[PDB]
file input-v8.cif (mmCIF, N, CA and C atoms)
data_structure
loop_
_atom_site.label_atom_id
_atom_site.label_comp_id
_atom_site.auth_asym_id
_atom_site.auth_seq_id
_atom_site.Cartn_x
_atom_site.Cartn_y
_atom_site.Cartn_z
N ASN A 222 87.06 94.79 79.54
CA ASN A 222 87.31 96.00 78.72
C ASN A 222 88.25 95.76 77.54
N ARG A 223 88.54 94.50 77.25
CA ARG A 223 89.39 94.10 76.13
C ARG A 223 90.86 94.40 76.25
N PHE A 224 91.40 93.99 77.32
CA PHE A 224 92.83 94.13 77.57
C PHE A 224 93.50 92.77 77.43
N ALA A 225 94.81 92.76 77.34
CA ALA A 225 95.53 91.54 77.04
C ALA A 225 96.27 90.99 78.27
N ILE A 226 95.82 91.37 79.44
CA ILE A 226 96.44 90.88 80.66
C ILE A 226 95.85 89.52 80.99
N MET A 227 96.71 88.58 81.27
CA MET A 227 96.29 87.23 81.58
C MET A 227 95.85 87.15 83.04
N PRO A 228 94.72 86.50 83.31
CA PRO A 228 94.14 86.37 84.66
C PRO A 228 95.09 85.73 85.70
N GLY A 229 94.92 86.17 86.94
CA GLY A 229 95.71 85.71 88.05
C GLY A 229 95.35 84.32 88.50
N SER A 230 96.15 83.78 89.38
CA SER A 230 96.04 82.41 89.81
C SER A 230 94.90 82.16 90.82
N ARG A 231 94.36 83.22 91.40
CA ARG A 231 93.28 83.07 92.39
C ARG A 231 91.93 82.96 91.69
N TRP A 232 91.96 83.05 90.37
CA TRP A 232 90.77 83.03 89.57
C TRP A 232 90.20 81.66 89.41
N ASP A 233 88.98 81.59 89.77
CA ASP A 233 88.12 80.48 89.60
C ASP A 233 87.03 81.04 88.77
N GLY A 234 86.44 80.22 87.93
CA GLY A 234 85.36 80.53 86.93
C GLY A 234 84.24 81.43 87.40
N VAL A 235 84.62 82.56 87.77
CA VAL A 235 83.82 83.64 88.19
C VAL A 235 83.90 84.71 87.14
N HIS A 236 82.80 85.03 86.58
CA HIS A 236 82.74 86.04 85.58
C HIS A 236 81.94 87.23 86.11
N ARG A 237 82.60 88.31 86.40
CA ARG A 237 81.93 89.54 86.78
C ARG A 237 82.11 90.46 85.60
N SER A 238 81.07 90.82 84.95
CA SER A 238 81.21 91.62 83.75
C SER A 238 80.28 92.82 83.75
N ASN A 239 80.83 93.97 83.38
CA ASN A 239 80.07 95.20 83.22
C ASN A 239 79.23 95.10 81.96
N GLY A 240 78.41 96.08 81.72
CA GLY A 240 77.58 96.04 80.56
C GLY A 240 76.44 95.09 80.76
N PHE A 241 75.95 95.04 81.96
CA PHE A 241 74.79 94.25 82.27
C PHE A 241 73.54 94.95 81.76
N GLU A 242 73.58 96.28 81.80
CA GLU A 242 72.48 97.12 81.38
C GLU A 242 72.13 96.87 79.90
N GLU A 243 73.16 96.69 79.06
CA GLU A 243 72.93 96.45 77.63
C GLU A 243 72.22 95.13 77.40
N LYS A 244 72.52 94.14 78.23
CA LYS A 244 71.94 92.82 78.10
C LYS A 244 70.47 92.92 78.43
N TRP A 245 70.18 93.71 79.44
CA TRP A 245 68.82 93.97 79.85
C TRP A 245 68.10 94.74 78.75
N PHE A 246 68.79 95.72 78.20
CA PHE A 246 68.28 96.54 77.13
C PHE A 246 67.99 95.71 75.88
N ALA A 247 68.86 94.78 75.61
CA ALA A 247 68.75 93.92 74.45
C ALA A 247 67.51 93.04 74.50
N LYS A 248 67.11 92.63 75.68
CA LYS A 248 65.95 91.75 75.84
C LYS A 248 64.69 92.52 76.16
N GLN A 249 64.85 93.74 76.60
CA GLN A 249 63.70 94.60 76.91
C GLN A 249 63.15 95.19 75.61
N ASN A 250 63.77 94.76 74.49
CA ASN A 250 63.43 95.19 73.12
C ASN A 250 61.96 95.05 72.83
N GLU A 251 61.35 94.11 73.49
CA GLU A 251 59.96 93.83 73.33
C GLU A 251 59.04 94.99 73.62
N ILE A 252 57.93 94.96 72.94
CA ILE A 252 56.93 95.99 73.05
C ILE A 252 55.70 95.44 73.74
N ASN A 253 55.47 94.15 73.59
CA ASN A 253 54.28 93.55 74.19
C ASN A 253 54.68 92.54 75.24
N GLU A 254 55.78 91.85 74.99
CA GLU A 254 56.20 90.77 75.84
C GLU A 254 56.97 91.33 77.04
N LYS A 255 57.52 90.42 77.84
CA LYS A 255 58.33 90.72 79.02
C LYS A 255 59.42 91.75 78.73
N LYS A 256 59.61 92.65 79.65
CA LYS A 256 60.60 93.67 79.51
C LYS A 256 61.78 93.31 80.39
N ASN B 25 106.31 103.70 83.01
CA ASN B 25 106.81 103.51 84.37
C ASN B 25 105.86 102.54 85.08
N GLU B 26 106.35 101.36 85.38
CA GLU B 26 105.56 100.31 86.00
C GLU B 26 105.57 100.45 87.51
N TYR B 27 106.65 100.96 88.04
CA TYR B 27 106.79 101.08 89.46
C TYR B 27 106.23 102.37 89.98
N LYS B 28 104.96 102.44 89.84
CA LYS B 28 104.14 103.50 90.34
C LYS B 28 103.13 102.89 91.27
N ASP B 29 102.42 103.70 91.98
CA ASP B 29 101.44 103.20 92.93
C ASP B 29 100.07 103.25 92.31
N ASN B 30 100.08 103.25 91.01
CA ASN B 30 98.87 103.25 90.19
C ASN B 30 98.36 101.82 90.04
N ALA B 31 98.97 100.92 90.81
CA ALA B 31 98.62 99.51 90.81
C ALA B 31 97.69 99.22 91.98
N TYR B 32 97.38 100.26 92.71
CA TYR B 32 96.63 100.17 93.93
C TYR B 32 95.26 100.75 93.71
N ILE B 33 94.28 100.19 94.37
CA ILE B 33 92.92 100.64 94.24
C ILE B 33 92.20 100.57 95.56
N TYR B 34 91.12 101.26 95.62
CA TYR B 34 90.26 101.28 96.74
C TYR B 34 88.94 100.66 96.35
N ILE B 35 88.52 99.71 97.12
CA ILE B 35 87.26 99.05 96.91
C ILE B 35 86.34 99.47 98.04
N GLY B 36 85.19 99.94 97.71
CA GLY B 36 84.23 100.36 98.69
C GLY B 36 82.90 99.69 98.45
N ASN B 37 82.02 99.76 99.44
CA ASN B 37 80.68 99.16 99.41
C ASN B 37 80.78 97.65 99.53
N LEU B 38 81.68 97.22 100.38
CA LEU B 38 81.88 95.80 100.62
C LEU B 38 80.75 95.21 101.41
N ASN B 39 80.44 93.99 101.09
CA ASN B 39 79.43 93.27 101.80
C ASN B 39 80.09 92.70 103.02
N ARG B 40 79.35 92.61 104.09
CA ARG B 40 79.83 92.09 105.35
C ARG B 40 80.29 90.62 105.24
N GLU B 41 79.84 89.94 104.18
CA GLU B 41 80.16 88.54 103.97
C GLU B 41 81.29 88.36 102.94
N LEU B 42 81.87 89.44 102.50
CA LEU B 42 82.95 89.35 101.52
C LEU B 42 84.29 89.40 102.21
N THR B 43 85.10 88.41 101.92
CA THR B 43 86.41 88.30 102.49
C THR B 43 87.46 88.38 101.37
N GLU B 44 88.73 88.37 101.76
CA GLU B 44 89.86 88.52 100.84
C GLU B 44 89.81 87.50 99.71
N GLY B 45 89.42 86.27 100.04
CA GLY B 45 89.33 85.22 99.04
C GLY B 45 88.35 85.52 97.92
N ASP B 46 87.23 86.14 98.27
CA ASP B 46 86.19 86.49 97.29
C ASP B 46 86.74 87.53 96.36
N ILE B 47 87.31 88.56 96.95
CA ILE B 47 87.89 89.66 96.22
C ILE B 47 89.03 89.18 95.32
N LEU B 48 89.89 88.34 95.85
CA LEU B 48 91.06 87.86 95.13
C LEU B 48 90.68 87.12 93.89
N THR B 49 89.71 86.25 94.01
CA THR B 49 89.24 85.47 92.89
C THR B 49 88.65 86.35 91.80
N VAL B 50 87.83 87.29 92.20
CA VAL B 50 87.19 88.19 91.28
C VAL B 50 88.22 89.09 90.61
N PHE B 51 89.06 89.68 91.41
CA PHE B 51 90.07 90.59 90.96
C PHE B 51 91.11 89.91 90.08
N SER B 52 91.24 88.60 90.23
CA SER B 52 92.14 87.81 89.42
C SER B 52 91.69 87.71 87.96
N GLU B 53 90.41 87.91 87.66
CA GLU B 53 90.03 87.86 86.26
C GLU B 53 90.51 89.12 85.53
N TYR B 54 90.79 90.17 86.28
CA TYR B 54 91.22 91.44 85.72
C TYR B 54 92.73 91.52 85.65
N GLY B 55 93.39 90.59 86.28
CA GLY B 55 94.81 90.57 86.26
C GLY B 55 95.37 89.82 87.42
N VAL B 56 96.57 90.14 87.79
CA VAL B 56 97.24 89.45 88.86
C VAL B 56 97.26 90.29 90.13
N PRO B 57 96.52 89.86 91.16
CA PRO B 57 96.53 90.51 92.46
C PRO B 57 97.76 90.07 93.25
N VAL B 58 98.42 90.98 93.90
CA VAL B 58 99.58 90.60 94.67
C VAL B 58 99.34 90.74 96.16
N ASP B 59 98.55 91.72 96.52
CA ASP B 59 98.24 91.95 97.92
C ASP B 59 96.84 92.46 98.04
N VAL B 60 96.19 92.09 99.10
CA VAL B 60 94.84 92.48 99.37
C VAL B 60 94.68 92.70 100.87
N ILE B 61 94.04 93.77 101.24
CA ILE B 61 93.72 94.05 102.61
C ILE B 61 92.23 94.18 102.76
N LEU B 62 91.65 93.34 103.55
CA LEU B 62 90.25 93.46 103.83
C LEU B 62 90.16 94.17 105.14
N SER B 63 89.63 95.34 105.12
CA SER B 63 89.47 96.07 106.31
C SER B 63 88.28 95.50 107.04
N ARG B 64 88.54 94.97 108.20
CA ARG B 64 87.56 94.32 109.00
C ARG B 64 87.60 94.89 110.37
N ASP B 65 86.46 95.10 110.93
CA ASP B 65 86.35 95.70 112.24
C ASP B 65 86.61 94.67 113.30
N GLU B 66 87.54 94.99 114.18
CA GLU B 66 87.94 94.10 115.27
C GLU B 66 86.79 93.79 116.24
N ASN B 67 85.82 94.66 116.30
CA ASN B 67 84.73 94.53 117.26
C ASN B 67 83.68 93.56 116.75
N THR B 68 83.30 93.74 115.51
CA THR B 68 82.26 92.93 114.90
C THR B 68 82.83 91.68 114.22
N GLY B 69 84.09 91.76 113.85
CA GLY B 69 84.73 90.68 113.15
C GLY B 69 84.33 90.64 111.68
N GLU B 70 83.59 91.64 111.25
CA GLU B 70 83.09 91.69 109.90
C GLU B 70 83.75 92.81 109.13
N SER B 71 83.63 92.75 107.83
CA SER B 71 84.17 93.71 106.90
C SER B 71 83.68 95.15 107.21
N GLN B 72 84.55 96.13 107.02
CA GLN B 72 84.25 97.53 107.31
C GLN B 72 83.59 98.24 106.14
N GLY B 73 83.20 97.48 105.15
CA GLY B 73 82.56 98.05 103.99
C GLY B 73 83.53 98.56 102.95
N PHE B 74 84.80 98.27 103.13
CA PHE B 74 85.79 98.69 102.17
C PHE B 74 86.98 97.76 102.25
N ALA B 75 87.75 97.72 101.19
CA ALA B 75 88.93 96.90 101.11
C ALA B 75 89.93 97.50 100.13
N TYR B 76 91.07 96.88 100.04
CA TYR B 76 92.15 97.30 99.17
C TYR B 76 92.76 96.09 98.49
N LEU B 77 93.21 96.26 97.26
CA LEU B 77 93.90 95.23 96.54
C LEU B 77 94.83 95.91 95.55
N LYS B 78 96.00 95.37 95.38
CA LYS B 78 96.94 95.93 94.45
C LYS B 78 97.33 94.86 93.46
N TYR B 79 97.53 95.28 92.26
CA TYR B 79 97.88 94.39 91.19
C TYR B 79 99.33 94.47 90.88
N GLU B 80 99.77 93.49 90.15
CA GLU B 80 101.12 93.44 89.66
C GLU B 80 101.24 94.36 88.44
N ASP B 81 100.11 94.56 87.76
CA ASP B 81 100.07 95.32 86.53
C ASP B 81 99.08 96.47 86.68
N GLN B 82 99.48 97.67 86.29
CA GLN B 82 98.62 98.85 86.38
C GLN B 82 97.37 98.76 85.48
N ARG B 83 97.47 98.07 84.36
CA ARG B 83 96.34 97.93 83.42
C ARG B 83 95.24 97.10 84.03
N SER B 84 95.63 96.17 84.82
CA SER B 84 94.73 95.35 85.57
C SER B 84 93.81 96.20 86.49
N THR B 85 94.35 97.29 87.06
CA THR B 85 93.55 98.12 87.95
C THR B 85 92.38 98.76 87.20
N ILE B 86 92.64 99.30 86.01
CA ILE B 86 91.60 99.92 85.18
C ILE B 86 90.59 98.89 84.73
N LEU B 87 91.08 97.68 84.41
CA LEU B 87 90.21 96.57 84.05
C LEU B 87 89.26 96.26 85.18
N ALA B 88 89.78 96.23 86.38
CA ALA B 88 88.98 95.95 87.53
C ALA B 88 88.07 97.11 87.91
N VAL B 89 88.60 98.31 87.97
CA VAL B 89 87.84 99.49 88.40
C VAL B 89 86.63 99.73 87.52
N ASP B 90 86.83 99.72 86.24
CA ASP B 90 85.80 100.11 85.29
C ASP B 90 84.71 99.05 85.17
N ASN B 91 85.09 97.83 85.43
CA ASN B 91 84.17 96.71 85.29
C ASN B 91 83.45 96.41 86.61
N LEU B 92 84.10 96.66 87.72
CA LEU B 92 83.58 96.32 89.04
C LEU B 92 82.80 97.46 89.64
N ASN B 93 83.17 98.67 89.28
CA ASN B 93 82.48 99.84 89.79
C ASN B 93 81.05 99.82 89.24
N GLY B 94 80.10 99.88 90.13
CA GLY B 94 78.72 99.88 89.74
C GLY B 94 78.16 98.48 89.57
N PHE B 95 79.01 97.48 89.69
CA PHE B 95 78.59 96.12 89.52
C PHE B 95 78.06 95.61 90.85
N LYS B 96 76.99 94.88 90.82
CA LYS B 96 76.37 94.41 92.02
C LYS B 96 76.85 93.02 92.41
N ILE B 97 77.45 92.92 93.57
CA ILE B 97 77.85 91.66 94.13
C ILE B 97 77.24 91.60 95.52
N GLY B 98 76.77 90.44 95.93
CA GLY B 98 76.15 90.28 97.23
C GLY B 98 74.93 91.18 97.43
N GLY B 99 74.34 91.62 96.34
CA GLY B 99 73.19 92.48 96.41
C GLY B 99 73.55 93.95 96.56
N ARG B 100 74.82 94.29 96.47
CA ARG B 100 75.23 95.68 96.60
C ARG B 100 76.19 96.08 95.49
N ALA B 101 76.11 97.33 95.08
CA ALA B 101 76.95 97.85 94.01
C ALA B 101 78.33 98.21 94.52
N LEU B 102 79.33 97.55 93.99
CA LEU B 102 80.70 97.82 94.36
C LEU B 102 81.20 99.14 93.84
N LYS B 103 82.02 99.76 94.63
CA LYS B 103 82.62 100.99 94.25
C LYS B 103 84.11 100.82 94.19
N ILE B 104 84.68 100.99 93.04
CA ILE B 104 86.11 100.85 92.93
C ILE B 104 86.65 102.19 92.48
N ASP B 105 87.74 102.59 93.05
CA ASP B 105 88.36 103.84 92.70
C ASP B 105 89.86 103.68 92.76
N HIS B 106 90.57 104.43 91.96
CA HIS B 106 92.02 104.36 91.96
C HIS B 106 92.54 105.24 93.06
N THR B 107 93.47 104.74 93.83
CA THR B 107 94.01 105.48 94.91
C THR B 107 95.40 104.94 95.17
N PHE B 108 96.29 105.74 95.71
CA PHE B 108 97.54 105.18 96.12
C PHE B 108 97.38 104.78 97.56
N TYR B 109 97.40 103.52 97.80
CA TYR B 109 97.24 103.03 99.14
C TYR B 109 98.57 102.56 99.63
N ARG B 110 98.91 102.90 100.83
CA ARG B 110 100.11 102.39 101.41
C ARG B 110 99.75 101.62 102.66
N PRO B 111 100.00 100.31 102.65
CA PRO B 111 99.66 99.41 103.76
C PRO B 111 100.51 99.59 105.01
N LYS B 112 99.92 99.24 106.12
CA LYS B 112 100.57 99.21 107.39
C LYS B 112 100.72 97.74 107.74
N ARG B 113 101.88 97.35 108.19
CA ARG B 113 102.12 95.97 108.53
C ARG B 113 102.30 95.84 110.03
#
call {"tool": "encode", "arguments": {"input": "input-v8.cif", "output": "structure tokens"}}
result
Amino acid sequence: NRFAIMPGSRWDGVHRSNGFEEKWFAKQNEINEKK
Amino acid sequence: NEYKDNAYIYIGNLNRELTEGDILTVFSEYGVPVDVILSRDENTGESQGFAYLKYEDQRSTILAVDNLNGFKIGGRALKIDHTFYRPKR
């Protein structure tokens, strides 16, 4: 969400990110091809 | 005011295979977790479908709640909500 808090020490390269729907939306742009 | 209980959250819709370590790692990208309680049923030995984690920083809670709520982990959509949780030791 664009905050300036630095990640904790238990963090391992795990990216859980919201806004997955937009990514789907961005590629579902197609009219003939895969949605 | 930093010393509020607004650093505490409620996590619901836990997967039976999710333990404190999973939560801690994930929750660590949103900030610094200080304590986590995985509610696990003594009978089954598995997660009760809910857990708790508190951050060192209140902003971290909103970062986690808004991003994790509705997010699918383990094939299930996590539910995060702000709550004042007080642990029992």
call {"tool": "closest_residue", "arguments": {"input": "input-v8.cif", "among": "B:75, B:50, B:102, B:31", "to": "residue 237 in chain A", "atoms": "all atoms listed in the file"}}
result
B:50
call {"tool": "atom_distance", "arguments": {"input": "input-v8.cif", "atom1": "CA of residue 30 in chain B", "atom2": "atom C of residue 109 in chain B"}}
result
9.5 Å
call {"tool": "resolve_selection", "arguments": {"input": "input-v8.cif", "expression": "the PyMOL selection byres ((chain A) within 6 of (chain B))", "output": "NGL selection string"}}
result
:A and (222 or 226-233 or 238-239)
call {"tool": "resolve_selection", "arguments": {"input": "input-v8.cif", "expression": "the PyMOL selection byres ((chain B and resi 39-43) around 6.5)", "output": "PDB file with N, CA and C atoms, in the frame of the given file"}}
result
ATOM      1  N   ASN B  37      82.020  99.760  99.440  1.00  0.00           N
ATOM      2  CA  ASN B  37      80.680  99.160  99.410  1.00  0.00           C
ATOM      3  C   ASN B  37      80.780  97.650  99.530  1.00  0.00           C
ATOM      4  N   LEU B  38      81.680  97.220 100.380  1.00  0.00           N
ATOM      5  CA  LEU B  38      81.880  95.800 100.620  1.00  0.00           C
ATOM      6  C   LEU B  38      80.750  95.210 101.410  1.00  0.00           C
ATOM      7  N   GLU B  44      88.730  88.370 101.760  1.00  0.00           N
ATOM      8  CA  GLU B  44      89.860  88.520 100.840  1.00  0.00           C
ATOM      9  C   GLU B  44      89.810  87.500  99.710  1.00  0.00           C
ATOM     10  N   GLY B  45      89.420  86.270 100.040  1.00  0.00           N
ATOM     11  CA  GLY B  45      89.330  85.220  99.040  1.00  0.00           C
ATOM     12  C   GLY B  45      88.350  85.520  97.920  1.00  0.00           C
ATOM     13  N   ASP B  46      87.230  86.140  98.270  1.00  0.00           N
ATOM     14  CA  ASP B  46      86.190  86.490  97.290  1.00  0.00           C
ATOM     15  C   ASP B  46      86.740  87.530  96.360  1.00  0.00           C
ATOM     16  N   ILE B  47      87.310  88.560  96.950  1.00  0.00           N
ATOM     17  CA  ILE B  47      87.890  89.660  96.220  1.00  0.00           C
ATOM     18  C   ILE B  47      89.030  89.180  95.320  1.00  0.00           C
ATOM     19  N   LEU B  48      89.890  88.340  95.850  1.00  0.00           N
ATOM     20  CA  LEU B  48      91.060  87.860  95.130  1.00  0.00           C
ATOM     21  C   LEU B  48      90.680  87.120  93.890  1.00  0.00           C
ATOM     22  N   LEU B  62      91.650  93.340 103.550  1.00  0.00           N
ATOM     23  CA  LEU B  62      90.250  93.460 103.830  1.00  0.00           C
ATOM     24  C   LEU B  62      90.160  94.170 105.140  1.00  0.00           C
ATOM     25  N   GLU B  70      83.590  91.640 111.250  1.00  0.00           N
ATOM     26  CA  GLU B  70      83.090  91.690 109.900  1.00  0.00           C
ATOM     27  C   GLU B  70      83.750  92.810 109.130  1.00  0.00           C
ATOM     28  N   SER B  71      83.630  92.750 107.830  1.00  0.00           N
ATOM     29  CA  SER B  71      84.170  93.710 106.900  1.00  0.00           C
ATOM     30  C   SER B  71      83.680  95.150 107.210  1.00  0.00           C
ATOM     31  N   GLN B  72      84.550  96.130 107.020  1.00  0.00           N
ATOM     32  CA  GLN B  72      84.250  97.530 107.310  1.00  0.00           C
ATOM     33  C   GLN B  72      83.590  98.240 106.140  1.00  0.00           C
ATOM     34  N   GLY B  73      83.200  97.480 105.150  1.00  0.00           N
ATOM     35  CA  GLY B  73      82.560  98.050 103.990  1.00  0.00           C
ATOM     36  C   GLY B  73      83.530  98.560 102.950  1.00  0.00           C
ATOM     37  N   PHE B  74      84.800  98.270 103.130  1.00  0.00           N
ATOM     38  CA  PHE B  74      85.790  98.690 102.170  1.00  0.00           C
ATOM     39  C   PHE B  74      86.980  97.760 102.250  1.00  0.00           C
ATOM     40  N   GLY B  98      76.770  90.440  95.930  1.00  0.00           N
ATOM     41  CA  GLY B  98      76.150  90.280  97.230  1.00  0.00           C
ATOM     42  C   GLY B  98      74.930  91.180  97.430  1.00  0.00           C
TER      43      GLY B  98
END
call {"tool": "atom_distance", "arguments": {"input": "input-v8.cif", "atom1": "atom N of residue 34 in chain B", "atom2": "atom N of residue 61 in chain B"}}
result
9.8 Å
call {"tool": "atom_distance", "arguments": {"input": "input-v8.cif", "atom1": "CA of residue 35 in chain B", "atom2": "CA of residue 110 in chain B"}}
result
14.0 Å
call {"tool": "select_by_dssp", "arguments": {"input": "input-v8.cif", "residues": "chain A", "states": "alpha helix (DSSP H)", "output": "ChimeraX atom specification"}}
result
/A:241-248
